[PDB]
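Novice: The structure that follows is given in the form of structure tokens.
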Amino acid sequence: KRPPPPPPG
Amino acid sequence: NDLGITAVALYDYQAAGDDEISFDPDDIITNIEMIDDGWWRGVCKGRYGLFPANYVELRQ
Amino acid sequence: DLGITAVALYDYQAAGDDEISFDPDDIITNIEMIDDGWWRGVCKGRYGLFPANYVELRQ
């Protein structure tokens, strides 16, 4: 699976 | 425990697949399964699926 | 004109109005790397933030 998105800035 | 491992959503997340779930900050995720450092499996507002582990904070 | 461009690697749904959505193979143009984790740019007429790790730079 794709990597998780980083927490929002 | 019926709710098993629980957590609280830190940020908004929109499911980008039918295998994922969505939540708003402060939402509660239950019956969590830490399957890997990226995506976890759990339940949120009646929806069963994957979500970013880093978008929630474990809280019993 | 299209500035720094990239192609979407994965599906991503905007979490908010400040963010943009895209599907694999979509093109993101005029990219602003306002951060190592979150870039900004245009995709399918929309402007906003997206995960830098979700796209691959390609001119």
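Labeling convention for the structure tokens: chains A, B, ... as they appear, residues from 1 per chain, ligands from 1 in order of appearance.
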Identify every residue of chain A that has at least one atom within 8 Å of any atom of chain C, counting only C-alpha atoms, and report the result as a PyMOL selection string.
Specialist: chain A and resi 2-3+5-6+8-9
Novice: Residues of chain B within 10 Å of chain C, using only C-alpha atoms, as a list in words?
Specialist: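 Here is what falls inside 10 Å: residues 11, 12, 13, 14, 15, 16, 17, 22, 23 and 24 of chain B.
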Novice: Hey, list the chain B side of the contact with chain A: 9 Å cut-off, only C-alpha atoms, answer as a PyMOL selection string.
Specialist: chain B and resi 10-12+38-39+51-55
Novice: Give me a file of those residues, with N, CA and C atoms, as an mmCIF file, in the first residue's frame.
Specialist:
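Contents of out.cif, as written:
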```cif
data_model
loop_
_atom_site.group_PDB
_atom_site.id
_atom_site.type_symbol
_atom_site.label_atom_id
_atom_site.label_comp_id
_atom_site.auth_asym_id
_atom_site.auth_seq_id
_atom_site.Cartn_x
_atom_site.Cartn_y
_atom_site.Cartn_z
ATOM 1 N N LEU B 10 -6.571 13.182 15.653
ATOM 2 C CA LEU B 10 -5.848 14.435 15.854
ATOM 3 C C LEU B 10 -6.169 15.428 14.730
ATOM 4 N N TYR B 11 -6.362 14.907 13.522
ATOM 5 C CA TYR B 11 -6.627 15.741 12.357
ATOM 6 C C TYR B 11 -7.710 15.157 11.472
ATOM 7 N N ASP B 12 -8.109 15.930 10.466
ATOM 8 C CA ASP B 12 -9.108 15.480 9.511
ATOM 9 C C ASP B 12 -8.451 14.496 8.553
ATOM 10 N N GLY B 38 2.403 2.362 9.282
ATOM 11 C CA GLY B 38 1.750 3.337 8.430
ATOM 12 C C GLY B 38 0.245 3.367 8.616
ATOM 13 N N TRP B 39 -0.406 2.278 8.228
ATOM 14 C CA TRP B 39 -1.850 2.182 8.310
ATOM 15 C C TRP B 39 -2.372 1.209 9.336
ATOM 16 N N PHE B 51 -6.623 3.546 8.110
ATOM 17 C CA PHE B 51 -6.422 4.970 8.313
ATOM 18 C C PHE B 51 -4.966 5.198 8.724
ATOM 19 N N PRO B 52 -4.483 6.440 8.617
ATOM 20 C CA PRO B 52 -3.097 6.729 8.994
ATOM 21 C C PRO B 52 -2.900 6.673 10.507
ATOM 22 N N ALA B 53 -1.995 5.815 10.962
ATOM 23 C CA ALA B 53 -1.719 5.674 12.385
ATOM 24 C C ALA B 53 -1.311 7.002 13.020
ATOM 25 N N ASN B 54 -0.550 7.799 12.275
ATOM 26 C CA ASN B 54 -0.056 9.090 12.740
ATOM 27 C C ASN B 54 -1.124 10.191 12.836
ATOM 28 N N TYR B 55 -2.354 9.870 12.456
ATOM 29 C CA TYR B 55 -3.433 10.853 12.505
ATOM 30 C C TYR B 55 -4.304 10.712 13.746
#
```
Novice: Any idea what the distance is between CA of residue 6 in chain B and CA of residue 20 in chain B?
Specialist: 16.8 Å
Novice: Mind the document's chain letters and residue numbers, and return as a list in words the residues of chain B that DSSP labels strand (DSSP E or B).
Specialist: residues 7, 8, 9, 13, 20, 23, 28, 29, 30, 31, 32, 33, 39, 40, 41, 42, 43, 44, 47, 48, 49, 50, 51, 52, 56, 57 and 58 of chain B
Novice: By how many Å are CA of residue 20 in chain C and CA of residue 47 in chain B apart?
Specialist: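 Spanning CA of residue 20 in chain C to CA of residue 47 in chain B is a straight-line distance of 23.6 Å.
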